[PDB]
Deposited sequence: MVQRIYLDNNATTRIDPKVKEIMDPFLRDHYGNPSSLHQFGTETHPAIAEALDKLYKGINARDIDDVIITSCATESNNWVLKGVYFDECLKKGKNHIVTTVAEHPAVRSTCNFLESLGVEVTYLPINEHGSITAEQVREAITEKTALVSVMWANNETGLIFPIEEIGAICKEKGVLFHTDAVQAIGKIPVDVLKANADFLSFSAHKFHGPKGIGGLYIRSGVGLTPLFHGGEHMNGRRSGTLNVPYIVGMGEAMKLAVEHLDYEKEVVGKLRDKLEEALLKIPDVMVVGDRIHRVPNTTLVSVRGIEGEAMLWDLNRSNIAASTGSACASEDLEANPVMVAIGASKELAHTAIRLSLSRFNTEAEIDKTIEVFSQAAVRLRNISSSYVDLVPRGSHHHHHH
């Protein structure tokens, strides 16, 4: 058999170089980087280079932290629950602005924060499929502990105006967090340019293993531990280190950024090829703006047949895709798709449509 993966926004294949680099840490360099003897110390060089790759990736500065968590979900609950005790309870600032577009790791947590008595403004999405900096300017009250905006929508692929919100945040003296999970490796990430206080990411969406992630924390921003025990990660996030995956997420980030050109040029072109080919079949129109999107995602709607049905059929022909909201069809390429595969998908998709 020969299959096509087009579900890259839902997880990605670990790059073989990432697998390769992690291996020795599943074999013989199995020591706990905390122990002072030969086994922990042996891991240090590889961990620090891994970390180096991570900072370089998002243009964090030496004086910032990039903390290894177990996923973006961890990262997200940490920023929110952390600013909860820092800013909400203990500085009175009882308001958060977020969006409705956000991943449930953000929304659901907010949901519960509201149940504790926080006020949360879920900024409403407009016709463009976007959020303007102005809306955040507006809802930004004074009780505002934190702004959270995703850098890129996981369903539509839509980029938001982070840099602007970053500025509005700076001027208004409020805390800014971006969930960047869908940006890393899709489009350049610059935290400095974004004046983000906090930035989340998950390895598996850029060819790293599932079950690791990062949170970028600024210069002198504080944030109560979500994992207390203060052993690791300069007190902020306790728990024995996931060495193999740190080393891998490191490689994975490096490679992700190194292919940024590639992603926009080749992958973006493949997504344009699929997209433009597919929309030349009756009543199938793309959801959201098409200009401020990451390269790899298209979200298409086949009016009359709900998407759940397209997926089932497509699966029988060895083509993996996912659901949207609008439900529509989420095709999401990666550096490993080929034009071969796209052509094929256009063919199989169209035939599946008509029948």
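J.: List in ascending order the stretches of the deposited sequence, numbered from 1, that lack C-alpha coordinates.
T.: Gaps vs deposited seq, in order: 1, 328-350, 380-401.
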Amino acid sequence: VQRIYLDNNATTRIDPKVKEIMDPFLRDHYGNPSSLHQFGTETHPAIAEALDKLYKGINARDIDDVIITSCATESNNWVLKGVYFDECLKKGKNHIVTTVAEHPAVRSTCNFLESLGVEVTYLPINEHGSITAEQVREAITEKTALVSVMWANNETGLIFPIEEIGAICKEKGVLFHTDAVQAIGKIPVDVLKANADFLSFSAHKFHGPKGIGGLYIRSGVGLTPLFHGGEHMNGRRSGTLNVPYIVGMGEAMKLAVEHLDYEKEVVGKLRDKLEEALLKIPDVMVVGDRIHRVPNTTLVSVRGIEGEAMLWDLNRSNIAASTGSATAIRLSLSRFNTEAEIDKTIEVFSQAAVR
From here on, numbers count along this sequence of modelled residues.
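We call the rigid core whatever largest set of C-alpha positions still superposes within 1.5 Å between the two forms.
J.: Could you say which moves further from this form in 8 other deposited structures of this protein, stretch 57-65 or stretch 301-309, by root mean square CA distance after aligning on the core?
T.: The stretch that sits farther from the shown form in 8 other deposited structures of this protein is 301-309.
J.: If you average the Cα B factors in the entry, which is higher, 98-106 or 269-277?
T.: If you average the C-alpha B-factors of 269-277 and of 98-106, the larger mean comes out for 269-277.
J.: Quick one: higher average CA temperature factor, 184-192 or 243-251?
T.: It is 184-192.
J.: Tell me which of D28, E49, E42, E306 tops the list for C-alpha B factor in the record.
T.: Within the set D28, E49, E42, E306, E306 shows the top C-alpha B-factor.
J.: Per the entry, which of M285, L80, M233, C71 tops the list for Cα B factor?
T.: Largest recorded C-alpha B-factor: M285.
J.: Quick check on the deposited entry: does the C-alpha B-factor of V354 sit in the lowest, middle or highest third of its chain?
T.: Tercile = highest for this residue's CA B-factor.
J.: Going by the entry, which third of its chain does the Cα temperature factor of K56 land in?
T.: It belongs to the middle third of the chain when residues are ordered by C-alpha B-factor.
J.: Within this chain's modelled residues, let me know which third the CA B factor of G324 belongs to: lowest, middle or highest.
T.: Highest third.
J.: Compare the C-alpha B factor of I21 with those of the other modelled residues in its chain, then answer lowest, middle or highest third.
T.: Its C-alpha B-factor belongs to the lowest third of this chain's values.
J.: Lowest, middle or highest third: where is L260 by C-alpha B factor in its chain?
T.: Middle third.
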